[PDB]
$ cat upload-v5.cif   # mmCIF, C-alpha atoms and all ligand atoms
data_query
#
loop_
_atom_site.label_atom_id
_atom_site.label_comp_id
_atom_site.auth_asym_id
_atom_site.auth_seq_id
_atom_site.Cartn_x
_atom_site.Cartn_y
_atom_site.Cartn_z
CA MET A 1 -12.17 1.50 -34.88
CA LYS A 2 -10.77 -1.67 -36.46
CA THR A 3 -9.10 -4.59 -34.72
CA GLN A 4 -8.78 -8.35 -35.06
CA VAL A 5 -9.98 -9.44 -31.60
CA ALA A 6 -12.46 -7.28 -29.70
CA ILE A 7 -12.19 -7.97 -25.97
CA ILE A 8 -15.09 -7.10 -23.65
CA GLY A 9 -13.97 -6.44 -20.07
CA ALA A 10 -10.66 -5.36 -18.54
CA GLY A 11 -10.69 -7.93 -15.75
CA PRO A 12 -7.93 -10.54 -15.40
CA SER A 13 -9.43 -12.63 -18.24
CA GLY A 14 -9.50 -9.85 -20.83
CA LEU A 15 -6.18 -8.31 -19.83
CA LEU A 16 -4.33 -11.63 -19.88
CA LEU A 17 -5.79 -12.59 -23.26
CA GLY A 18 -4.98 -9.10 -24.50
CA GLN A 19 -1.32 -9.29 -23.49
CA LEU A 20 -0.92 -12.84 -24.82
CA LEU A 21 -2.33 -11.78 -28.19
CA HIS A 22 -0.06 -8.72 -28.16
CA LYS A 23 3.14 -10.78 -28.00
CA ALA A 24 1.74 -12.95 -30.79
CA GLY A 25 1.18 -10.05 -33.20
CA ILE A 26 -2.61 -10.22 -33.11
CA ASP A 27 -4.29 -6.82 -32.90
CA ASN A 28 -6.73 -6.45 -30.02
CA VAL A 29 -8.59 -3.78 -28.07
CA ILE A 30 -10.23 -4.00 -24.66
CA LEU A 31 -13.52 -2.33 -23.70
CA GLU A 32 -14.20 -1.83 -19.99
CA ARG A 33 -17.39 -0.35 -18.55
CA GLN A 34 -15.77 0.84 -15.32
CA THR A 35 -12.67 2.90 -14.55
CA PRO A 36 -9.20 1.41 -13.91
CA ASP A 37 -9.33 2.68 -10.33
CA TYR A 38 -12.62 0.83 -9.90
CA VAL A 39 -11.43 -2.47 -11.37
CA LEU A 40 -8.40 -2.25 -9.09
CA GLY A 41 -10.80 -1.30 -6.31
CA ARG A 42 -12.04 -4.88 -6.46
CA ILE A 43 -10.28 -6.46 -3.49
CA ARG A 44 -10.17 -10.15 -4.35
CA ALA A 45 -7.42 -12.45 -3.10
CA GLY A 46 -5.67 -15.08 -5.18
CA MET A 47 -4.20 -18.54 -4.98
CA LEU A 48 -2.53 -19.44 -8.27
CA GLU A 49 -1.91 -22.80 -9.93
CA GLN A 50 1.45 -23.29 -11.62
CA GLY A 51 -0.41 -23.31 -14.93
CA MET A 52 -1.49 -19.72 -14.34
CA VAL A 53 1.95 -18.77 -13.03
CA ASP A 54 3.65 -19.99 -16.21
CA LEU A 55 0.96 -18.25 -18.26
CA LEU A 56 1.88 -14.94 -16.62
CA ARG A 57 5.53 -15.52 -17.53
CA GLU A 58 4.56 -16.22 -21.13
CA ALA A 59 2.60 -12.96 -21.12
CA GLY A 60 5.74 -11.31 -19.75
CA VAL A 61 4.12 -10.09 -16.53
CA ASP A 62 5.99 -12.27 -14.04
CA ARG A 63 8.60 -9.88 -12.62
CA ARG A 64 6.71 -8.57 -9.59
CA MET A 65 5.09 -11.93 -8.80
CA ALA A 66 8.54 -13.51 -8.75
CA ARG A 67 9.27 -10.93 -6.04
CA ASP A 68 6.10 -10.51 -3.99
CA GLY A 69 4.63 -13.98 -4.56
CA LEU A 70 4.51 -16.54 -1.74
CA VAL A 71 4.86 -20.25 -2.55
CA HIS A 72 2.91 -22.82 -0.53
CA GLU A 73 4.18 -26.41 -0.56
CA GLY A 74 1.21 -27.55 1.51
CA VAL A 75 -2.22 -26.75 2.91
CA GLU A 76 -4.05 -27.66 6.11
CA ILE A 77 -7.49 -29.11 6.80
CA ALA A 78 -8.88 -29.04 10.34
CA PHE A 79 -11.82 -31.11 11.57
CA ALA A 80 -12.95 -33.09 14.62
CA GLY A 81 -10.09 -31.90 16.82
CA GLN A 82 -7.58 -32.92 14.14
CA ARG A 83 -5.10 -30.92 12.08
CA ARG A 84 -3.86 -32.56 8.88
CA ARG A 85 -1.31 -31.10 6.47
CA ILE A 86 -1.53 -32.01 2.80
CA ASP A 87 1.99 -32.07 1.35
CA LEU A 88 1.09 -30.63 -2.06
CA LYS A 89 4.67 -30.58 -3.33
CA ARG A 90 5.39 -34.21 -2.47
CA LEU A 91 2.00 -35.63 -3.46
CA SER A 92 1.58 -33.79 -6.78
CA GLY A 93 5.16 -34.25 -7.96
CA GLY A 94 6.97 -30.98 -7.34
CA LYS A 95 3.96 -28.75 -8.01
CA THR A 96 2.92 -25.95 -5.67
CA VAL A 97 0.51 -23.02 -5.41
CA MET A 98 1.19 -19.27 -5.29
CA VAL A 99 -0.24 -16.63 -2.98
CA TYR A 100 -0.57 -13.59 -5.22
CA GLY A 101 -3.78 -11.60 -5.11
CA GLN A 102 -6.01 -11.02 -8.11
CA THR A 103 -5.71 -7.30 -7.42
CA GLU A 104 -1.94 -7.50 -7.91
CA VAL A 105 -2.27 -9.67 -11.03
CA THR A 106 -4.74 -7.18 -12.50
CA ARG A 107 -2.39 -4.28 -11.72
CA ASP A 108 0.61 -6.03 -13.27
CA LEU A 109 -1.32 -6.78 -16.46
CA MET A 110 -2.57 -3.19 -16.78
CA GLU A 111 0.97 -1.86 -16.42
CA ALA A 112 2.26 -4.13 -19.17
CA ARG A 113 -0.64 -3.12 -21.42
CA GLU A 114 -0.19 0.60 -20.84
CA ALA A 115 3.58 0.23 -21.14
CA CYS A 116 3.30 -1.34 -24.61
CA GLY A 117 0.69 1.18 -25.75
CA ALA A 118 -2.00 -1.39 -26.57
CA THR A 119 -5.56 -0.12 -26.96
CA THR A 120 -7.88 -0.05 -23.96
CA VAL A 121 -11.12 1.94 -23.69
CA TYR A 122 -12.46 2.45 -20.17
CA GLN A 123 -15.84 4.00 -19.33
CA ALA A 124 -17.26 2.29 -22.42
CA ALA A 125 -21.00 2.15 -21.73
CA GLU A 126 -23.99 0.52 -23.44
CA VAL A 127 -21.73 -2.14 -24.93
CA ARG A 128 -23.63 -4.15 -27.55
CA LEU A 129 -22.46 -6.94 -29.87
CA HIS A 130 -23.58 -7.32 -33.50
CA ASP A 131 -23.57 -9.78 -36.39
CA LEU A 132 -22.05 -12.57 -34.29
CA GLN A 133 -22.85 -15.36 -36.76
CA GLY A 134 -22.01 -12.89 -39.51
CA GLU A 135 -18.57 -12.34 -41.02
CA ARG A 136 -18.13 -8.71 -40.00
CA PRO A 137 -19.02 -8.72 -36.29
CA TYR A 138 -18.82 -5.35 -34.55
CA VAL A 139 -19.28 -3.72 -31.15
CA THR A 140 -21.01 -0.44 -30.28
CA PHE A 141 -20.54 1.69 -27.16
CA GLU A 142 -20.70 5.23 -25.76
CA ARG A 143 -18.10 7.32 -23.93
CA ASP A 144 -17.80 11.10 -23.59
CA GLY A 145 -21.23 11.41 -25.21
CA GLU A 146 -20.09 9.95 -28.54
CA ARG A 147 -21.27 6.67 -30.02
CA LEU A 148 -18.46 4.53 -31.43
CA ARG A 149 -18.16 1.31 -33.39
CA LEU A 150 -15.39 -1.26 -33.05
CA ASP A 151 -15.15 -3.60 -36.03
CA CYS A 152 -13.52 -6.99 -35.52
CA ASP A 153 -13.13 -10.57 -36.68
CA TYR A 154 -13.81 -12.10 -33.26
CA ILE A 155 -15.23 -11.13 -29.87
CA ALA A 156 -13.94 -12.31 -26.50
CA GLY A 157 -16.59 -12.11 -23.79
CA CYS A 158 -14.46 -11.54 -20.70
CA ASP A 159 -17.02 -9.32 -19.01
CA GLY A 160 -17.72 -11.58 -16.06
CA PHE A 161 -20.98 -13.01 -14.74
CA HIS A 162 -23.04 -9.84 -15.17
CA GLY A 163 -21.57 -9.02 -18.57
CA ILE A 164 -23.52 -8.37 -21.76
CA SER A 165 -21.68 -11.11 -23.69
CA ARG A 166 -23.57 -14.16 -22.40
CA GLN A 167 -26.81 -12.20 -22.72
CA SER A 168 -25.95 -11.54 -26.38
CA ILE A 169 -26.27 -15.24 -27.21
CA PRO A 170 -29.74 -16.61 -28.04
CA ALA A 171 -30.94 -18.45 -24.93
CA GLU A 172 -32.19 -21.38 -27.02
CA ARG A 173 -28.58 -22.15 -27.95
CA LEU A 174 -27.45 -22.35 -24.32
CA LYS A 175 -27.96 -24.90 -21.57
CA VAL A 176 -27.38 -23.69 -18.01
CA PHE A 177 -26.09 -25.89 -15.18
CA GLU A 178 -26.48 -24.25 -11.78
CA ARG A 179 -26.24 -24.96 -8.05
CA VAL A 180 -26.84 -22.38 -5.33
CA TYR A 181 -25.48 -23.30 -1.92
CA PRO A 182 -27.47 -22.46 1.24
CA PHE A 183 -24.73 -20.26 2.72
CA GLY A 184 -22.27 -17.47 1.98
CA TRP A 185 -18.76 -16.50 3.07
CA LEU A 186 -18.28 -13.64 5.50
CA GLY A 187 -14.81 -12.40 4.58
CA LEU A 188 -12.46 -10.03 6.40
CA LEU A 189 -9.22 -8.51 5.12
CA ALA A 190 -6.85 -7.25 7.83
CA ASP A 191 -3.38 -5.71 8.00
CA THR A 192 -2.19 -8.49 10.32
CA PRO A 193 0.39 -11.27 10.13
CA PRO A 194 -1.08 -14.65 9.08
CA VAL A 195 -1.51 -17.23 11.86
CA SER A 196 0.12 -19.81 9.60
CA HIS A 197 2.59 -19.83 6.70
CA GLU A 198 0.14 -22.11 4.89
CA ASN A 199 -3.65 -21.79 4.60
CA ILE A 200 -6.09 -23.55 6.92
CA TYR A 201 -9.53 -24.88 6.02
CA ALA A 202 -11.68 -25.65 9.07
CA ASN A 203 -14.77 -27.83 9.27
CA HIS A 204 -16.32 -26.95 12.64
CA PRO A 205 -19.83 -27.83 13.92
CA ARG A 206 -20.59 -24.10 14.09
CA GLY A 207 -19.64 -23.81 10.43
CA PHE A 208 -16.81 -23.55 7.93
CA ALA A 209 -13.87 -21.20 8.44
CA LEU A 210 -10.79 -20.34 6.35
CA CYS A 211 -7.43 -18.76 7.18
CA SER A 212 -5.61 -17.29 4.18
CA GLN A 213 -2.85 -14.87 3.13
CA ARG A 214 -2.20 -11.98 0.76
CA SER A 215 1.12 -10.37 1.64
CA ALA A 216 3.05 -11.52 4.71
CA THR A 217 1.62 -8.54 6.62
CA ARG A 218 -1.93 -8.97 5.30
CA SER A 219 -4.32 -11.79 6.13
CA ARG A 220 -7.66 -12.91 4.72
CA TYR A 221 -10.20 -14.84 6.80
CA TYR A 222 -13.61 -16.34 6.08
CA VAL A 223 -16.47 -17.85 8.06
CA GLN A 224 -19.56 -19.40 6.49
CA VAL A 225 -22.81 -17.60 7.29
CA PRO A 226 -26.47 -18.10 6.39
CA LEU A 227 -27.80 -16.00 3.51
CA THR A 228 -30.21 -14.60 6.10
CA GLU A 229 -27.30 -12.54 7.42
CA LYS A 230 -26.42 -8.91 6.75
CA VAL A 231 -22.85 -7.60 6.98
CA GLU A 232 -23.89 -4.76 9.31
CA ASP A 233 -24.81 -7.29 12.01
CA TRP A 234 -21.15 -8.38 12.02
CA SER A 235 -18.69 -6.09 13.80
CA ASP A 236 -14.99 -6.87 13.45
CA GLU A 237 -15.42 -7.96 17.06
CA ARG A 238 -18.13 -10.51 16.26
CA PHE A 239 -16.12 -11.83 13.31
CA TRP A 240 -12.91 -12.56 15.21
CA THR A 241 -14.89 -14.18 18.02
CA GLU A 242 -16.74 -16.53 15.66
CA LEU A 243 -13.62 -17.34 13.63
CA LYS A 244 -11.72 -18.23 16.81
CA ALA A 245 -14.57 -20.48 17.96
CA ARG A 246 -14.33 -22.43 14.69
CA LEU A 247 -10.55 -22.90 14.76
CA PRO A 248 -8.29 -25.24 16.75
CA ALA A 249 -7.26 -23.66 20.06
CA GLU A 250 -3.54 -23.75 19.26
CA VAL A 251 -4.37 -21.72 16.14
CA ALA A 252 -6.83 -19.29 17.74
CA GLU A 253 -4.20 -18.65 20.42
CA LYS A 254 -1.63 -17.50 17.85
CA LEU A 255 -4.17 -15.41 15.92
CA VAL A 256 -3.30 -11.73 15.53
CA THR A 257 -6.55 -9.81 15.11
CA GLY A 258 -7.17 -6.25 13.95
CA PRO A 259 -9.49 -3.80 12.13
CA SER A 260 -11.14 -4.74 8.83
CA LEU A 261 -9.87 -3.15 5.62
CA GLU A 262 -12.56 -5.01 3.69
CA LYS A 263 -15.61 -6.82 5.08
CA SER A 264 -18.18 -8.49 2.81
CA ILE A 265 -20.50 -11.48 2.50
CA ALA A 266 -20.20 -13.52 -0.70
CA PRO A 267 -22.78 -16.09 -1.86
CA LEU A 268 -21.61 -19.51 -3.04
CA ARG A 269 -22.78 -20.52 -6.51
CA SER A 270 -21.92 -23.08 -9.17
CA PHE A 271 -22.68 -22.11 -12.76
CA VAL A 272 -21.82 -23.55 -16.17
CA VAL A 273 -23.15 -22.71 -19.61
CA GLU A 274 -22.87 -25.04 -22.61
CA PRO A 275 -21.59 -24.28 -25.18
CA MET A 276 -19.28 -21.33 -24.39
CA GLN A 277 -19.45 -19.69 -27.81
CA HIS A 278 -21.74 -18.40 -30.54
CA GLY A 279 -20.41 -17.59 -34.00
CA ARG A 280 -17.57 -15.09 -33.58
CA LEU A 281 -18.28 -14.68 -29.86
CA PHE A 282 -16.31 -16.66 -27.27
CA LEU A 283 -17.05 -16.52 -23.54
CA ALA A 284 -14.23 -16.84 -21.02
CA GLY A 285 -13.97 -16.68 -17.24
CA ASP A 286 -16.92 -15.63 -15.09
CA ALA A 287 -18.89 -14.84 -18.24
CA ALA A 288 -19.08 -18.58 -18.88
CA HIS A 289 -18.89 -20.20 -15.46
CA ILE A 290 -18.84 -19.71 -11.69
CA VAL A 291 -17.33 -21.96 -9.02
CA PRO A 292 -17.64 -21.77 -5.25
CA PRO A 293 -14.37 -20.26 -4.01
CA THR A 294 -13.67 -23.19 -1.67
CA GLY A 295 -11.39 -24.64 -4.35
CA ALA A 296 -9.85 -21.29 -5.32
CA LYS A 297 -10.44 -22.05 -9.01
CA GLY A 298 -12.34 -19.19 -10.67
CA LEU A 299 -9.30 -17.09 -11.63
CA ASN A 300 -7.29 -20.18 -12.55
CA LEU A 301 -10.17 -21.37 -14.73
CA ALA A 302 -10.29 -17.94 -16.36
CA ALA A 303 -6.60 -18.41 -17.13
CA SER A 304 -7.09 -21.83 -18.73
CA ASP A 305 -9.98 -20.50 -20.83
CA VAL A 306 -7.87 -17.60 -22.07
CA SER A 307 -4.90 -19.90 -22.71
CA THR A 308 -7.11 -22.11 -24.89
CA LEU A 309 -8.65 -19.16 -26.75
CA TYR A 310 -5.23 -17.58 -27.30
CA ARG A 311 -3.74 -20.76 -28.77
CA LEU A 312 -6.75 -21.42 -31.03
CA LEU A 313 -6.73 -17.81 -32.24
CA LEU A 314 -3.04 -18.27 -33.06
CA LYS A 315 -3.57 -21.40 -35.15
CA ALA A 316 -6.52 -19.59 -36.71
CA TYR A 317 -4.83 -16.37 -37.79
CA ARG A 318 -1.65 -18.23 -38.77
CA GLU A 319 -2.81 -21.46 -40.36
CA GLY A 320 -5.82 -19.74 -41.91
CA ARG A 321 -8.19 -22.30 -40.39
CA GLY A 322 -10.54 -20.44 -38.06
CA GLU A 323 -12.33 -23.77 -37.68
CA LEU A 324 -10.41 -25.14 -34.72
CA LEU A 325 -12.24 -22.35 -32.89
CA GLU A 326 -15.27 -24.66 -32.97
CA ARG A 327 -13.32 -26.86 -30.55
CA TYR A 328 -13.06 -24.06 -27.95
CA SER A 329 -16.06 -24.98 -25.79
CA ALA A 330 -15.38 -28.72 -25.77
CA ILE A 331 -11.77 -28.21 -24.66
CA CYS A 332 -12.50 -25.66 -21.93
CA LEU A 333 -15.56 -27.47 -20.60
CA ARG A 334 -13.56 -30.63 -19.87
CA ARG A 335 -11.40 -28.66 -17.45
CA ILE A 336 -14.25 -26.45 -16.25
CA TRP A 337 -16.32 -29.44 -15.12
CA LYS A 338 -13.34 -31.05 -13.39
CA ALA A 339 -12.89 -27.77 -11.52
CA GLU A 340 -16.61 -27.61 -10.71
CA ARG A 341 -16.39 -31.16 -9.34
CA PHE A 342 -13.45 -30.46 -7.03
CA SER A 343 -14.84 -27.11 -5.91
CA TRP A 344 -18.15 -28.85 -5.23
CA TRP A 345 -16.42 -31.63 -3.30
CA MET A 346 -14.35 -29.18 -1.24
CA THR A 347 -17.49 -27.20 -0.44
CA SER A 348 -19.49 -30.34 0.38
CA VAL A 349 -17.05 -31.79 2.94
CA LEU A 350 -15.97 -28.55 4.65
CA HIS A 351 -19.29 -26.75 5.14
CA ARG A 352 -22.24 -27.31 7.43
CA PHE A 353 -25.48 -27.68 5.50
CA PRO A 354 -28.87 -26.91 7.05
CA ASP A 355 -31.45 -29.68 7.56
CA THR A 356 -28.96 -32.51 7.06
CA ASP A 357 -29.39 -35.72 9.05
CA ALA A 358 -27.03 -37.76 11.22
CA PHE A 359 -26.03 -40.07 8.35
CA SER A 360 -24.89 -37.10 6.23
CA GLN A 361 -22.72 -35.78 9.08
CA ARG A 362 -20.98 -39.12 9.61
CA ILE A 363 -20.42 -39.55 5.87
CA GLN A 364 -18.89 -36.07 5.69
CA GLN A 365 -16.63 -36.84 8.64
CA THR A 366 -15.66 -40.20 7.12
CA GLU A 367 -14.88 -38.53 3.78
CA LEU A 368 -12.35 -36.29 5.50
CA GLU A 369 -10.89 -39.12 7.57
CA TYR A 370 -10.45 -41.39 4.55
CA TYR A 371 -9.09 -38.87 2.05
CA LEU A 372 -6.70 -37.29 4.58
CA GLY A 373 -5.59 -40.69 5.90
CA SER A 374 -4.96 -42.39 2.55
CA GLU A 375 -1.93 -41.73 0.33
CA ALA A 376 -4.20 -42.20 -2.68
CA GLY A 377 -6.90 -40.02 -1.15
CA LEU A 378 -4.35 -37.33 -0.31
CA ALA A 379 -3.06 -37.53 -3.88
CA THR A 380 -6.50 -36.95 -5.41
CA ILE A 381 -6.83 -33.78 -3.34
CA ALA A 382 -3.28 -32.62 -4.03
CA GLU A 383 -3.33 -33.07 -7.82
CA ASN A 384 -6.64 -31.20 -8.04
CA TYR A 385 -5.48 -28.50 -5.65
CA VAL A 386 -2.33 -27.59 -7.58
CA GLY A 387 -4.28 -28.01 -10.82
CA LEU A 388 -4.56 -31.02 -13.10
CA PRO A 389 -2.21 -31.09 -16.11
CA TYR A 390 -3.51 -28.72 -18.83
CA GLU A 391 -5.16 -29.97 -22.02
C1 LIG B 401 -14.15 -14.13 -2.28
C2 LIG B 401 -13.63 -14.68 -3.60
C3 LIG B 401 -12.42 -15.35 -3.50
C4 LIG B 401 -11.82 -15.92 -4.65
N1 LIG B 401 -10.56 -16.61 -4.50
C5 LIG B 401 -9.94 -17.19 -5.64
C6 LIG B 401 -8.64 -17.89 -5.48
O1 LIG B 401 -8.14 -17.97 -4.41
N2 LIG B 401 -8.00 -18.48 -6.60
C7 LIG B 401 -8.64 -18.38 -7.91
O2 LIG B 401 -8.12 -18.87 -8.87
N3 LIG B 401 -9.91 -17.69 -8.04
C8 LIG B 401 -10.56 -17.09 -6.92
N4 LIG B 401 -11.80 -16.41 -7.08
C9 LIG B 401 -12.42 -16.32 -8.38
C10 LIG B 401 -12.06 -14.95 -9.16
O3 LIG B 401 -12.22 -13.89 -8.32
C11 LIG B 401 -12.95 -14.74 -10.38
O4 LIG B 401 -13.25 -15.96 -10.98
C12 LIG B 401 -12.27 -13.82 -11.39
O5 LIG B 401 -12.45 -12.50 -11.01
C13 LIG B 401 -12.84 -13.97 -12.81
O6 LIG B 401 -12.20 -13.04 -13.69
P1 LIG B 401 -12.94 -12.50 -14.99
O7 LIG B 401 -11.99 -11.59 -15.81
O8 LIG B 401 -13.38 -13.65 -15.83
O9 LIG B 401 -14.25 -11.67 -14.55
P2 LIG B 401 -14.23 -10.25 -13.84
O10 LIG B 401 -13.15 -10.21 -12.82
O11 LIG B 401 -15.55 -10.01 -13.19
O12 LIG B 401 -13.96 -9.13 -14.92
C14 LIG B 401 -15.05 -8.74 -15.80
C15 LIG B 401 -14.76 -7.31 -16.34
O13 LIG B 401 -15.61 -6.99 -17.27
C16 LIG B 401 -16.37 -5.63 -16.83
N5 LIG B 401 -17.70 -5.60 -17.39
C17 LIG B 401 -18.83 -6.16 -16.87
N6 LIG B 401 -19.87 -5.89 -17.71
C18 LIG B 401 -19.38 -5.15 -18.75
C19 LIG B 401 -19.99 -4.61 -19.88
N7 LIG B 401 -21.35 -4.65 -20.32
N8 LIG B 401 -19.26 -3.90 -20.78
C20 LIG B 401 -17.93 -3.72 -20.58
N9 LIG B 401 -17.31 -4.25 -19.47
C21 LIG B 401 -18.05 -4.97 -18.56
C22 LIG B 401 -16.34 -5.63 -15.54
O14 LIG B 401 -16.38 -4.21 -15.01
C23 LIG B 401 -14.97 -6.29 -15.21
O15 LIG B 401 -13.96 -5.39 -15.21
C24 LIG B 401 -12.43 -15.82 -5.89
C25 LIG B 401 -13.68 -15.12 -5.99
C26 LIG B 401 -14.27 -14.56 -4.84
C27 LIG B 401 -15.62 -13.82 -5.00
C1 LIG B 402 -7.40 -20.95 -0.08
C2 LIG B 402 -8.36 -19.86 -0.48
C3 LIG B 402 -8.00 -18.54 -0.28
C4 LIG B 402 -8.86 -17.52 -0.64
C5 LIG B 402 -8.44 -16.09 -0.40
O1 LIG B 402 -7.21 -15.81 -0.35
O2 LIG B 402 -9.31 -15.20 -0.25
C6 LIG B 402 -10.09 -17.81 -1.21
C7 LIG B 402 -10.45 -19.13 -1.41
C8 LIG B 402 -9.59 -20.16 -1.05
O3 LIG B 402 -9.96 -21.50 -1.26
#
$ encode --input "upload-v5.cif" --output "structure tokens"
Amino acid sequence: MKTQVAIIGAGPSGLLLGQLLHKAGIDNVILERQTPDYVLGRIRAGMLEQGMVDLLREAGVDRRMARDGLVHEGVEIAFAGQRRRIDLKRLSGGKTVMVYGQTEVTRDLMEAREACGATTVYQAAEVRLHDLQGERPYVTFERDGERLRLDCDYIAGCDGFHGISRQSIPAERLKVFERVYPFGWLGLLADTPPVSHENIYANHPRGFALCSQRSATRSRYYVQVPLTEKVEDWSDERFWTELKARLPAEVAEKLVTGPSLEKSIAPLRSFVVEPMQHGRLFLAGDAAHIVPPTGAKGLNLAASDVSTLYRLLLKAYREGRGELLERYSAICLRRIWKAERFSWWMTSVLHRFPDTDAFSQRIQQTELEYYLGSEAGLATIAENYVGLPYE
């Protein structure tokens, strides 16, 4: 097989890059280890920045999102008996966020890719990269018993955190920045109407809680839990009871509960690798970095990475200077770290940390009081929440 850009992974990163390159005229093929049904089996929600929204329109996959998508002009933070709404639209200057799940985005992208007949190879196992600093890089994999080879000019590592792409770079070339938080999120997806038309973050002494949406008949809730916890010790019953205890009464009153469609515990991690590339290999999305989901930034960061790689690959294949591709890591990392900072801040002020002292609690409380009580403070949250202007 011959292509111009070999893409590893058919997640939202790889698919979006694939479709963007398609419109541009750049040949590309995607290799996915799992099956389409499995990738779509991944039930992850989604809050979208306008940057990602507009990027889906440019890729031509905006029709269904324009229909099923839900716009939020604001978001709520609850703490210390208070409920404070952040007017995102007003504070950021017209900008908003979009409720549209990653599962839907991934579906939409697949449909556009199948519809246009672009190349995608699922069940591609033992994926291995070759000659990365060489001039004829190539990929090798096995499906249906046969061993194939995909020749290429460039390789896009969009194979997520546990992908082979990052592990294909010599470790001596990479520096890893990592923070593991002492808690996880116990999440529950239910076929119930959301308690609020905007999302609600809650800092409660018992722990963090989050009320979120998917459709308008499907809700997504989280409560922070210790990593000592196992999902089997948490009935739907126990979940709703804890969630209600961590919410304002006037919210818990209005809360429609129900059976769990999905119930899982997710650990919170920060992760960044520098640089994000090696020769003809470019990492994007979870392959390069992880954020705690408190900021809802991982998928949006994946988008910005892909947007940068797409536009550099354009100026490369067109203007014959595949040298601007050296600027990939520096450009992405500037935005990645700003996302890591906000996601870290959000996590730091909304969660309860073990073995913290009285001073830390008061500082956390004062952080919320100041930033939610100041027009400037509110603006710093808002502009980060909707997404800072692209680079
Ligand atoms: C609970 C939770 C809530 C979140 N909420 C938000 C939110 O509200 N807003 C937001 O912007 N982000 C959110 N995120 C972040 C988002 O889910 C991820 O950042 C996003 O999935 C990253 O996409 P990706 O394509 O880079 O990686 P992935 O989605 O993991 O895709 C990687 C693909 O590559 C495949 N693959 C792996 N290894 C190989 C291999 N060797 N060979 C071939 N293929 C391979 C995988 O099967 C997979 O299909 C949330 C995350 C979690 C866990
Ligand atoms: C607001 C938000 C929502 C989700 C979700 O919809 O699951 C995850 C993380 C978030 O910060």
$ closest_residue --input "upload-v5.cif" --among "A:312, A:86, A:105, A:368" --to "residue 326 in chain A" --atoms "all atoms listed in the file"
A:312
$ residues_near_ligand --input "upload-v5.cif" --ligand "ligand LIG 401 (chain B)" --cutoff "7 Å" --atoms "all atoms listed in the file" --output "count of residues only"
43
$ residues_near_ligand --input "upload-v5.cif" --ligand "ligand LIG 402 (chain B)" --cutoff "10 Å" --atoms "all atoms listed in the file" --output "NGL selection string"
:A and (43-48 or 75-76 or 97 or 99-102 or 185 or 187-189 or 198-201 or 210-214 or 219-222 or 292-298 or 343 or 346-347 or 385)
$ atom_distance --input "upload-v5.cif" --atom1 "CA of residue 315 in chain A" --atom2 "CA of residue 136 in chain A"
19.9 Å
$ closest_residue --input "upload-v5.cif" --among "A:80, A:306, A:174, A:276" --to "residue 362 in chain A" --atoms "all atoms listed in the file"
A:80
$ residues_around --input "upload-v5.cif" --residues "residue 317 in chain A" --least-positions-apart "4" --cutoff "10 Å" --atoms "all atoms listed in the file" --output "list in words"
residues 4, 25, 26, 312, 313, 321 and 322 of chain A
$ closest_residue --input "upload-v5.cif" --among "A:270, A:140, A:19, A:165" --to "residue 111 in chain A" --atoms "only C-alpha atoms"
A:19
$ closest_residue --input "upload-v5.cif" --among "A:289, A:359, A:309, A:386" --to "residue 89 in chain A" --atoms "only C-alpha atoms"
A:386
$ closest_residue --input "upload-v5.cif" --among "A:70, A:243, A:268, A:252" --to "residue 227 in chain A" --atoms "all atoms listed in the file"
A:268
